[PDB]
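So you can see what is in the structure, the chains are spelled out below.
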Amino acid sequence: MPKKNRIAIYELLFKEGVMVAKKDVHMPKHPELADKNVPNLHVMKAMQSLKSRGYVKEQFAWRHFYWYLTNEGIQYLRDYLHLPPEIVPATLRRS
Amino acid sequence: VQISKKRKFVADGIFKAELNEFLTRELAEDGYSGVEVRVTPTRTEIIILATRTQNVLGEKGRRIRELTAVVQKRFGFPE
Amino acid sequence: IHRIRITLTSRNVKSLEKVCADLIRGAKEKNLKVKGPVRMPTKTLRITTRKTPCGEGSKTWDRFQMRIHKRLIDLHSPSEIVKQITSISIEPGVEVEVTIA
Amino acid sequence: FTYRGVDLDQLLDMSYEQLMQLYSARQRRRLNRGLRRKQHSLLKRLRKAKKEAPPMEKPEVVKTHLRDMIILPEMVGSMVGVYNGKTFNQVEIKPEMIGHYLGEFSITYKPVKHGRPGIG
Amino acid sequence: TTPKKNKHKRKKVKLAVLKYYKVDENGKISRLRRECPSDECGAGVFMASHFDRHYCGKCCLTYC
Amino acid sequence: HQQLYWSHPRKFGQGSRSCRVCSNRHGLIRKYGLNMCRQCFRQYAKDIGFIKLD
RNA sequence: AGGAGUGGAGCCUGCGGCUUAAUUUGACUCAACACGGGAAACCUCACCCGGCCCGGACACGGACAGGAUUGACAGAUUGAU
RNA sequence: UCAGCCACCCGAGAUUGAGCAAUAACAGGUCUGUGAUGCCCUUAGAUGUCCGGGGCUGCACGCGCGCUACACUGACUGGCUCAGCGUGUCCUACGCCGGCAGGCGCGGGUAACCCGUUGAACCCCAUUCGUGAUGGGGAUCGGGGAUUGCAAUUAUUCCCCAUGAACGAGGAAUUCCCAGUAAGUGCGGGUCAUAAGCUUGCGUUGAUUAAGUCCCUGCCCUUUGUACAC
Ligand SMILES: [Zn+2]
Ligand SMILES: [Zn+2]
């Protein structure tokens, strides 16, 4: 894989924290990460590599993969995206 | 144009079947009982039944927040 | 103003007729000239499946159904009051559709 | 040899649209819906076997993978191996097989020679 | 009969821009091989002049 | 490689259609837009809304 | 008590059996044999003949920025650009 | 003189047809429907997977579902006249070019609004053919023509010309059925790019005989007796 495909995957794992898929290998475009031309294979196998680290939660359904944040995934992302902890994601917006 | 009422009323079924299947598979530990999908063109709310409902929410409403974004980005309808 | 028509479709009959009765009573409350609930020919979707998963036994079949009752009430009233009446009796299991002018 | 009332030599310079009308409707439909890169490459290698062979030697067996290919008048005379699924076979393109596929001379099954029956 | 397994491995010279870039004592930069006229490999990425052609690394163009 | 991988066209036929819940290809209910297997429809038919009246 | 038959002919389909490179396989009284939603030109597809790809996560040690990997035009071989 | 059975009156109706279905069991079938699954095998000349080509259909012979029939209560050709359950973004209205399958453009329909008045077939009313291997019956084959597809040769189908097979009501045996029921007849759905002789539904025409028994097939209960208790 190239490195620029992976870097837009962690950004929607911080503010919301979840990432779904399709389990379609030959699917040429992942439709949620449009305008980047990343295949479904290159987000699905990347999250398979991330599940052996222990940073995404595995839950399957009829067809779609599902991947949640881990509680240790916030600290691993806040340095990899080089973010300050002063900004708050959707965890503590309401009430 | 939209879809026919025959194909509309069945497509409301495969929504609630996949939702209930995914909800059983995820929430099979906190005593998941069933959904109730109240449809509305403004907000299609999904009422989760559970045994220990305070433990479903997470830390002051944290765990179900993940499931909101899951069902948002899954079934195509916007947030 | 002409052709103000409300589409009421449901999967069961009891809640659909209750919603029809509440809408007709509310249109009686507004004192409009009201074509009542007409009754479209109900559709019944047939699916006939072999009952076995493999294909061994005595060729028994299943017979599933979905009966979609469809009603239509009609009004002759301006557009500002037809939105007030449909927003009250929100109820699950039914589906509302309106058309105007 | 004459095909549909015209001899072989006028078929070699016969252009495509006038070559069309002497066929059946299946061959005309194949020539109307088009020939793709997998067949034009075979025309390229077949004309290559025309120019790289000495003229008194009928050229080397251009083994082929297009059973669906109609025997055009341009490909007459070349030695061709047609894959049946297991092996190849060199078949000679005689002039009298213009309205036929390539994949019909390679019999993809051994003809059944029966014996005594088993349990019955 | 016999399993014929083969893969063309790559063999790189010690920073093979020295095969491309030549600078003499006066300091002018002389590139021996061909620069590709295509824009995606323009002015920095060079072709390799072969015995009968040149060959680009990106758009794989040939010459005579 | 990258061009010969999924090159055979997966339009029409049962190679193109597969089960919505289990990705199988044998006994597919297409009517009313389901694309479920026959074995898998019977699991979910009560939650779709298909009941047995006779 | 009867009625329509089937078993007889041709054809179509499903099983045995003979072959086949392969003719994928389950199922053999009622309770197998137009059953496997099984009417398969490719896919389906299991079977046979070849040919690519890793889609071997992760951990360890080596190679390691004098490179491991990839596309490779043209010619040769191939069924193929 | 009890539960109830039989006949009649009044009545639309004096049995409508299905769905669902116990305990206890099969060493019943199904890892080939499942990201239901245990072990075992296999994992980079891969039993993973894609690509391409064959095969699944091959054919001296047996066995099962069916379809067409063997004619006159019929066939050929005109004319007339009637449905219901259903599907539809791919269903189709209308004008033109063609023997026809088909080409063209125009619209409608996400549907009691359009196809659609769903102008179905047996049946009916006339013409011709008259008991013969006939024009019955169409198999088998040669040629074209047109569609769907990346591709039709191992005919995918469909149309038009030809060729004309057995077949003269079918032994031993055996299946299903008691009323809008057999049976005849078409239409729709599933499969479906192309597709029904299959199956699942629907309407149309519409009867013979029975309203009884344990003789056969098989199941159950009570009195026998056991050397039985797999
Ligand atoms: Zn370049
Ligand atoms: Zn399924």
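Cut-offs applied
- Residues numbered from 1 in each chain as written, not as in the entry; some residues may be left out.
- Chains lettered and ligands numbered in written order.
- Part of a larger assembly, values for the part shown.
- Heavy atoms only, no water.
- Residues with missing side-chain atoms left out of burial classes, pairs and counts.
- Near = heavy atom within 4 Å.
- Polar contact = N/O pair within 3.5 Å; in protein donor to acceptor, adjacent residues only side chain to side chain.
- Helix = DSSP H or I, 4+ residues; strand = E, 2+ residues; numbered from the N terminus.
- Nonpolar A, V, L, I, M, F, W, Y, C, P; charged D, E, K, R; others polar.
- Contact = heavy atoms within 4.5 Å.
- Buried area = accessible area lost by both parts, 1.4 Å probe.
- Salt bridge = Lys/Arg side-chain N within 4 Å of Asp/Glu carboxyl O.

As summarised from the PDB record, the model derives from cryo-EM at a stated resolution of 3.0 Å.

> Describe the protein's contact with RNA strand G, and please don't skip the residues or the numbers.
Around RNA strand G sit 55 residues, and of these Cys54(C), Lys59(C), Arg45(D), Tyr55(E) and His8(F) come closest. Expressed as a percentage, the sugar and phosphate content of the atoms of RNA strand G within 4 Å of the protein is 57%. A distance of 2.9 Å is found between a base nitrogen of RNA strand G and a backbone nitrogen or oxygen belonging to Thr108(D). Within the side chain of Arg38(F), an N or O atom sits 3.2 Å from a sugar or linking oxygen of RNA strand G. Listed by contribution, the elements that provide at least two residues to the surface near RNA strand G are α2 (41-53) of chain A, α4 (37-51) and β3 (62-64) of chain D together with β1 (28-29) of chain F. The element best represented in the surface near RNA strand G is α2(A), accounting for five residues. In terms of residue class, the surface near RNA strand G is built from 14 nonpolar, 23 polar and 18 charged.

> Before we move on, could you go through the protein's contact with RNA strand H and cite the residues and values that matter?
Residues in contact with RNA strand H amount to 69 residues; listed here are only the nearest, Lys23(A), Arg28(D), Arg29(D), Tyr101(D) and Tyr32(F). Within 4 Å of the protein, the atoms of RNA strand H are drawn from sugar and phosphate moieties in a proportion of 65%. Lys5(B) places a polar main-chain atom, nitrogen or oxygen, 3.4 Å from a phosphate oxygen of RNA strand H. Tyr32(F) has a polar side-chain atom sitting 2.4 Å from a phosphate oxygen of RNA strand H. Of the residues forming the surface near RNA strand H, the biggest block, six residues, is contributed by helix α3 (residues 25-33) of chain D. When its residues are assigned to classes, the surface near RNA strand H shows 28 nonpolar, 18 polar and 23 charged.

> Any details on the interface of chain F and chain B? Residues and values, ideally.
When the parts come together, some accessible area is lost, and that loss is often what is quoted as the size of the interface. Between chain F and chain B, the residue contacts involve eight residues of the former and eight residues of the latter. No other element matches the three residues that helix α1 (residues 38-48) of chain F contributes to the side of chain F that touches chain B. When the residues that make up the side of chain F that touches chain B are grouped by side-chain class, the tally is five nonpolar, one polar and two charged.

> Which residues make up the interface of chain F and chain C, and what values go with them?
Of the residues lining the interface, 16 residues belong to chain F; the matching set on chain C comes to 16 residues. A buried area of about 1,600 Å², summed over both sides, lies between chain F and chain C, and 56% of it is on carbon and sulfur atoms. Applying the counting criterion to the chain F and chain C interface returns two salt bridges. Our enumeration of links across chain F and chain C arrives at nine residue pairs in polar contact. For the side of chain F that touches chain C, the element with the most residues is α1(F), which contributes six residues. Residue composition of the side of chain F that touches chain C, grouped by class: nine nonpolar, two polar and five charged.

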